[PDB]
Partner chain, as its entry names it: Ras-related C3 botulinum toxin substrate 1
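Shown here is one chain on its own, the form solved without its partner chain, set out as structure tokens.
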């Protein structure tokens, strides 16, 4: 995705901060490679923001507004017919959904911020941007080093120490090996640090003798043999990667884009999007308005923006009456100490962000406690007016709400918002039981005409039995279960649950005892064909690590087509009891964890954990490498046998977790990858954060092999 020329040429803005009240003129740019959004002050200083760190961009009325009187005067915000809203730009960045930074800009020229917002987000959100080769992430480092210059236009040696902080002596030695100065207060001409010199620097700092071991120099014939035998035109690869094929040439080849750990086409939108809505796994958030714990902490409408921007397609609104003297509907976790937001604010947030990154339909799960015709009427009017044409207010002509009629497809409902709401306890012991399980979901109130009229394809009803649901044969009825109730059902009525999910929707949500907003592991519910397995997006624990990872695929649309046997009515499937037909494309996966590079910002021992998520009958062994030989985190090499996952039964449903840890089990980076997206051979596995964001420094070198 090429960086448009105007972005690299730059535009004039005033950058402002509310906490400091400082407003400074800047030129804003994206570098030609699209690694950094950066701004340059009049005094020549620069600040950089990784493109991969950007979560959203906002223009006009959606941008952040200056709150201090000092800044309001500067921007003439107390004036009739001012052009301030034609000048505002906000860039939102952060390592997860909650820890957000707002970078705020006001353009000198009118209207330019719209293009900046749209084009920058397009670069950030392209499924391939985060999935570049190891070489690209290494290049990102080089570009930073060469752009962050001192007063004399030179690279301070201290910037090398900051970039590679684990071992100063080794950095000094690598600079010296390149005939560059290594003095603490020395500086380097950027002209003396082109790509080949950078490569030499890396080879000195981070030697790769484990790659030299594959040479058992290469010619055309020998390298062709390697590519055809191990990795599952050759002279052109030598010309591209050989510095003078040498060991170093092989290093760069193996770090290059010709070698991809993923079948990258699978990151793009590519699933059949024309099947009934309930034939997909749907990315789903629980108690979306909460930023932290379930019992206390801030509620924020910003959570709706954040989850929707990551392709979440099902969110939750817990609606309550205003607290007298207030008479305006609010969103909060009832009977707790969580803060309140206005219902209106949530609708405004959803309307803004709903289709920015995915065009496919969203479902709003209302948990309604507003036992007021007036306040329900306000709720319904907010939805109708703010969502406008986005709101699905009536069923589609092709899909009437009658027995035997399937749900419409994601494609049939492109750009539509669907409302899930009802459509037309007392003592200490009972309270405790409810709090431990369904929580406030056990306390919903009757819907009146205004709210009822908005409900069509997602009608919640009390579950009776799978037999009863099958008899009634209504695809437009949804059943919701706590993790506890659904576990009881999937354990005791597995086949019936899968069959239910071929016709109707189920939504799963965390039990009430999880007051710290911990998550349950989603796999067992996906295994039963459950579509909306709702998790707390503010908690990037293992469940969310998996959720973010698997939903990155299919364009981060928030929809993944379920396995054929979870869809077609003529093949009964039981995830606990596979048959001959189920296992037709079973595979055995071997992964060898060979070595790691720049794994930590400090010298500490490290190890790698590997496991598989999948069916009950899938291989359950969890592997760990030994600790690294020493506290060397620059280039540890392990001496491990392949980790074998024998008979992955239905690879489409399985994912491989590879997680890198410091001694003590402190997270450094990970990947969770659907089995069918993996390429075989020697690869440099670039590591992601808990929230699946690409990390620049750390990588693993691995060998993958798959057999029938």
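Only the largest set of C-alpha atoms that superpose within 1.5 Å between the two forms is called the rigid core. Positions refer to the first chain, counted from 1. Only residues modelled in both forms are compared.
One more form of this protein should be noted, the form deposited with its partner chain bound, which is absent from this view; the next part is about it.
The stretch that touches its partner chain in the entry with it bound, counting heavy atoms within 4.5 Å, is 25-33, out of 25-33, 647-655, 56-64, 666-674.
Not displayed here, its partner chain is approached by residue 73 to within 4.5 Å at the level of heavy atoms in the entry with it bound.
Taking non-hydrogen atoms only, residue 639 never approaches its partner chain to within 4.5 angstroms in the entry with it bound. Taking non-hydrogen atoms only, residue 161 never approaches its partner chain to within 4.5 angstroms in the entry with it bound. Among heavy atoms of residue 215, none comes within 4.5 Å of its partner chain in the entry with it bound. Screening 102, 342, 295, 108 for any heavy atom within 4.5 Å of its partner chain in the entry with it bound leaves a single hit, 108.
Contacts between 41-62 and its partner chain, taken as any heavy atom within 4.5 Å in the entry with it bound, involve 42, 43, 44. Here the rigid core is superposed between the shown form and the other one, and of 222, 154, 323, 402 the C-alpha of 323 is the only one to shift by 2 Å or more. Core-superposed comparison between the shown form and the other one: CA of residue 414 displaced by less than 2 Å. Relative to the superposed core, residue 433 undergoes a C-alpha shift of no less than 2 Å between the shown form and the other one.
Wider separation of the C-alpha atoms of residue 336 and residue 325, by 3 angstroms or more, is seen in the entry with it bound than in the present form. Note on residue 322 and residue 430: their C-alpha atoms are nearer in the entry with it bound, a change of at least 3 Å from this conformation. When the two forms are overlaid on the core, consecutive residue runs of 3+ whose CA positions all differ by 2 Å or more between the shown form and the other one map to 323-326, 425-433.
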